[PDB]
Structures are given as C-alpha cells and as structure tokens.
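Structure file upload.tsv; described as TSV, C-alpha atoms.
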```
chain	number	residue	atom	x	y	z
A	1	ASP	CA	0.31	9.67	27.67
A	2	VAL	CA	3.53	8.53	26.03
A	3	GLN	CA	1.71	5.29	25.10
A	4	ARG	CA	-1.24	7.20	23.71
A	5	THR	CA	1.01	9.04	21.29
A	6	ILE	CA	2.98	5.92	20.36
A	7	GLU	CA	-0.30	4.21	19.52
A	8	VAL	CA	-1.39	6.86	17.06
A	9	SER	CA	1.91	7.98	15.60
A	10	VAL	CA	3.51	4.57	14.96
A	11	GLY	CA	2.35	2.34	12.07
A	12	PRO	CA	3.52	-0.05	9.33
A	13	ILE	CA	6.11	2.22	7.72
A	14	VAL	CA	9.03	2.41	10.15
A	15	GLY	CA	9.95	5.97	11.15
A	16	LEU	CA	6.85	7.57	9.62
A	17	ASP	CA	4.83	9.72	12.05
A	18	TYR	CA	1.24	9.04	11.01
A	19	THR	CA	-0.16	11.98	13.01
A	20	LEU	CA	2.19	14.42	11.25
A	21	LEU	CA	1.34	12.82	7.93
A	22	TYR	CA	-2.40	13.20	8.51
A	23	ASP	CA	-1.91	16.82	9.59
A	24	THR	CA	0.28	17.72	6.58
A	25	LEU	CA	-1.85	16.19	3.80
A	26	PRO	CA	-4.16	18.68	2.06
A	27	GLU	CA	-7.71	18.87	3.45
A	28	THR	CA	-8.99	17.63	0.08
A	29	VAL	CA	-7.37	14.36	1.20
A	30	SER	CA	-7.91	14.42	4.98
A	31	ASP	CA	-11.62	15.33	4.56
A	32	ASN	CA	-11.98	11.87	2.99
A	33	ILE	CA	-9.91	9.58	5.24
A	34	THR	CA	-8.93	8.96	8.86
A	35	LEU	CA	-5.51	8.32	10.32
A	36	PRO	CA	-6.25	4.54	10.64
A	37	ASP	CA	-6.91	4.49	6.83
A	38	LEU	CA	-3.32	5.60	6.32
A	39	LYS	CA	-2.11	2.53	8.24
A	40	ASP	CA	-4.23	0.01	6.36
A	41	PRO	CA	-4.31	0.40	2.54
A	42	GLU	CA	-6.29	-2.84	2.29
A	43	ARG	CA	-9.41	-1.32	3.86
A	44	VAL	CA	-9.39	1.73	1.53
A	45	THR	CA	-11.23	1.77	-1.86
A	46	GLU	CA	-9.23	1.95	-5.09
A	47	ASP	CA	-10.32	5.58	-5.59
A	48	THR	CA	-9.32	6.56	-2.02
A	49	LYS	CA	-5.92	4.90	-2.53
A	50	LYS	CA	-5.45	7.17	-5.55
A	51	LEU	CA	-6.54	10.22	-3.57
A	52	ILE	CA	-3.97	9.50	-0.81
A	53	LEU	CA	-1.24	8.89	-3.40
A	54	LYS	CA	-2.05	12.22	-5.11
A	55	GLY	CA	-1.85	13.94	-1.74
A	56	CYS	CA	1.54	12.40	-1.10
A	57	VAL	CA	2.79	13.71	-4.45
A	58	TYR	CA	1.52	17.15	-3.53
A	59	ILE	CA	3.24	17.36	-0.15
A	60	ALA	CA	6.42	15.92	-1.70
A	61	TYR	CA	6.40	18.77	-4.22
A	62	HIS	CA	5.74	21.30	-1.38
A	63	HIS	CA	8.16	19.75	1.03
A	64	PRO	CA	9.65	21.70	3.93
A	65	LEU	CA	13.35	22.25	4.44
A	66	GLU	CA	15.07	18.91	4.63
A	67	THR	CA	16.43	19.71	8.13
A	68	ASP	CA	12.97	20.25	9.58
A	69	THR	CA	11.59	17.63	11.97
A	70	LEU	CA	8.51	17.40	9.71
A	71	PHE	CA	10.66	16.29	6.76
A	72	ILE	CA	12.48	13.64	8.84
A	73	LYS	CA	9.23	12.27	10.30
A	74	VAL	CA	7.05	12.46	7.15
A	75	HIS	CA	8.51	13.43	3.79
A	76	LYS	CA	11.62	11.28	4.09
A	77	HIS	CA	9.27	8.22	4.26
A	78	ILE	CA	6.86	9.18	1.45
A	79	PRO	CA	8.60	6.98	-1.17
A	80	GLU	CA	8.19	3.83	0.99
A	81	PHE	CA	4.64	4.84	1.96
A	82	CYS	CA	3.70	5.28	-1.72
A	83	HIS	CA	5.32	1.96	-2.62
A	84	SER	CA	3.01	0.32	-0.10
A	85	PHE	CA	-0.19	1.97	-1.28
A	86	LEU	CA	0.74	1.36	-4.94
A	87	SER	CA	1.50	-2.33	-4.35
A	88	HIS	CA	-1.88	-2.75	-2.71
A	89	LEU	CA	-3.64	-0.82	-5.47
A	90	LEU	CA	-2.06	-2.91	-8.28
A	91	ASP	CA	9.00	-9.56	-7.80
A	92	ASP	CA	12.82	-9.35	-7.68
A	93	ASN	CA	13.27	-10.77	-11.19
A	94	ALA	CA	11.00	-8.57	-13.33
A	95	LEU	CA	12.05	-5.37	-15.10
A	96	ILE	CA	10.44	-2.05	-16.07
A	97	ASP	CA	9.96	-1.65	-19.82
A	98	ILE	CA	10.83	2.06	-20.40
A	99	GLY	CA	9.93	1.72	-24.09
A	100	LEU	CA	6.40	0.47	-23.44
A	101	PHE	CA	5.89	3.01	-20.70
A	102	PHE	CA	7.07	5.83	-22.99
A	103	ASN	CA	4.42	4.79	-25.52
A	104	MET	CA	1.74	4.59	-22.79
A	105	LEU	CA	2.50	8.21	-21.88
A	106	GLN	CA	2.18	9.71	-25.35
A	107	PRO	CA	-1.53	10.76	-25.10
A	108	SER	CA	-0.95	12.71	-21.83
A	109	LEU	CA	2.73	13.76	-21.66
A	110	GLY	CA	3.93	13.18	-25.27
A	111	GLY	CA	4.60	16.89	-25.83
A	112	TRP	CA	7.60	16.82	-23.43
A	113	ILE	CA	8.33	13.31	-22.02
A	114	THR	CA	11.58	11.73	-23.19
A	115	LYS	CA	13.24	8.36	-22.77
A	116	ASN	CA	16.05	10.26	-20.99
A	117	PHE	CA	13.57	11.56	-18.38
A	118	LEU	CA	12.15	8.06	-17.77
A	119	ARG	CA	15.66	6.57	-17.36
A	120	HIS	CA	16.89	9.49	-15.22
A	121	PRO	CA	13.98	11.12	-13.38
A	122	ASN	CA	16.34	13.30	-11.43
A	123	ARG	CA	16.87	15.11	-14.79
A	124	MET	CA	13.26	16.37	-14.82
A	125	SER	CA	12.13	19.61	-13.21
A	126	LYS	CA	9.92	19.51	-10.12
A	127	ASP	CA	6.89	20.41	-12.25
A	128	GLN	CA	7.70	17.56	-14.66
A	129	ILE	CA	8.14	14.97	-11.89
A	130	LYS	CA	4.82	15.99	-10.36
A	131	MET	CA	3.11	15.70	-13.74
A	132	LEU	CA	4.57	12.19	-14.32
A	133	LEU	CA	3.60	10.91	-10.85
A	134	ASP	CA	0.11	12.35	-11.14
A	135	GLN	CA	-0.27	10.71	-14.55
A	136	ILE	CA	0.86	7.32	-13.23
A	137	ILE	CA	-1.83	7.53	-10.52
A	138	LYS	CA	-4.45	8.58	-13.10
A	139	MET	CA	-3.67	5.44	-15.24
A	140	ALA	CA	-3.31	2.94	-12.46
A	141	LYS	CA	-6.05	0.40	-12.13
A	142	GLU	CA	1.29	-7.58	-21.29
A	143	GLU	CA	1.53	-4.11	-19.84
A	144	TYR	CA	1.00	-5.61	-16.40
A	145	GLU	CA	3.97	-7.98	-16.65
A	146	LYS	CA	6.23	-5.33	-18.21
A	147	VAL	CA	5.21	-2.08	-16.50
A	148	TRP	CA	2.64	-2.24	-13.73
A	149	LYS	CA	4.17	-5.22	-11.88
A	150	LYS	CA	7.31	-3.11	-11.31
A	151	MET	CA	5.64	0.30	-10.84
A	152	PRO	CA	5.59	0.44	-7.02
A	153	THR	CA	9.40	0.49	-6.91
A	154	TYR	CA	9.80	2.55	-10.10
A	155	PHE	CA	7.36	5.15	-8.70
A	156	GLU	CA	9.44	5.19	-5.55
A	157	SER	CA	12.51	5.96	-7.64
A	158	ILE	CA	10.74	8.87	-9.39
A	159	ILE	CA	9.37	10.66	-6.32
A	160	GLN	CA	12.69	10.58	-4.44
A	161	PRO	CA	14.22	13.42	-6.57
A	162	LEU	CA	11.04	15.46	-5.98
A	163	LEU	CA	11.99	15.50	-2.27
A	164	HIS	CA	15.29	17.29	-2.83
```
Take the structure I supplied and represent it as structure tokens, if you would.
Amino acid sequence: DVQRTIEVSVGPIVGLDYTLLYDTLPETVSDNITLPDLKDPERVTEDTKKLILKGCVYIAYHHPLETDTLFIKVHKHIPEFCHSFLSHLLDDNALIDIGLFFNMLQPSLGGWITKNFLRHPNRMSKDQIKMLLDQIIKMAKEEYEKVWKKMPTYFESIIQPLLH
C-alpha cells in the first residue's frame, strides 16, 4: 500500500504531494478536474489550465501556517507548479519589460498598480498580489517577446511573497 500512495502522490513537480493538492484546491476547481490532470498540463484545455492556476492563487492567498505539513507538501511548491502550467499555456536570455506590462495593466489595475509594485511585488499587500495574479491569468492566451515569453518565471516571482 506504500506503492499505491507513491503512485498517486508523486508527480512531475518534485516534493509536491498531488493528493494533498487535489484535496486542498477549492471544489470549484476539483469539480472540473482529476488528480491525473494536475500531473499533465498538456492534456488539459486552455480554459481548464486557467481554472487550475486561479485555484492555486486562491490557496496561496489562504495558505496554512508555514510549519504545517500541508504547506511543506503543497503550498511551498505552488510557484514551480504554476510556472509549469503557465509555460504550457503560453529562454535564459530574454527579459520582462515592466514598462510594457504596466501599460497592459492600466484598463484593469490602473487605479493602484505602480512600477514600484511590478519591480518589487513583495511590496504589495496580499489583496494586491492576488489581484495582479488573477489579472495575469485573465489576460493570458511584440508583447509576446517582451512580456509573455518571460511570464512563467515572473509569475513565479510574484506569487512567492503571497505565500509568506
């Protein structure tokens, strides 16, 4: 029975417990996917990728104490898990154009978003970080070369302060 649990809990992201992830995601997400979907972004539709990513942002916002086993086995690995799903949805030389991305955000977050916040996401509040990550998922489908090509890692850098 040890092998039965290894089979289900272990997947592509090292250290992530896929059974605890499936259990922790909101039912609005888990009503629409299975645990094997979490292990294989390529077999998931674009819209279901976005639904999983939005769920990850939600449980990152509502994370448990960082000493809990659940945090170590799930939340600690959400940045890498989101990087994977984002890469599939959408290079060590390319950069992230903060100035273009700031303009892209004006219709949705222009009332409060600042260049400072985009350079230093750990300076945002938890509510702001959540709003930025949710907005990135909403927009995801020139700008590709400058912003979207680097977004999987930039998104990873934004959600990490949400976890603490």
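The interatomic distance for the pair atom CA of residue 155 of chain A and atom CA of residue 24 of chain A works out to 21.0 Å.
Distance-wise, atom CA of residue 119 of chain A and atom CA of residue 157 of chain A end up 10.2 Å apart.
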- Could you tell me which of A:21, A:96, A:151, A:38 comes closest to residue 63 of chain A if we count only C-alpha atoms? A:21
- Residues near segment 97-102 of chain A, cut-off 12 Å, only C-alpha atoms, skip fewer than 6 positions along chain, as a PyMOL selection string: chain A and resi 108-121+132+135-136+139+142-151+154
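Coordinates place atom CA of residue 49 of chain A at a distance of 10.3 Å from atom CA of residue 29 of chain A.
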- Task: Choose the residue, out of A:79, A:107, A:161, A:12, that has the smallest atom-to-atom separation from residue 41 of chain A; count all atoms listed in the file.
- Result: A:12
- Dig up all the protein and nucleic acid residues within 7 Å of (-4.3, -1.3, -4.2) in the file frame, using all atoms listed in the file, and format them as a PyMOL selection string. chain A and resi 41-42+46+49+85-90
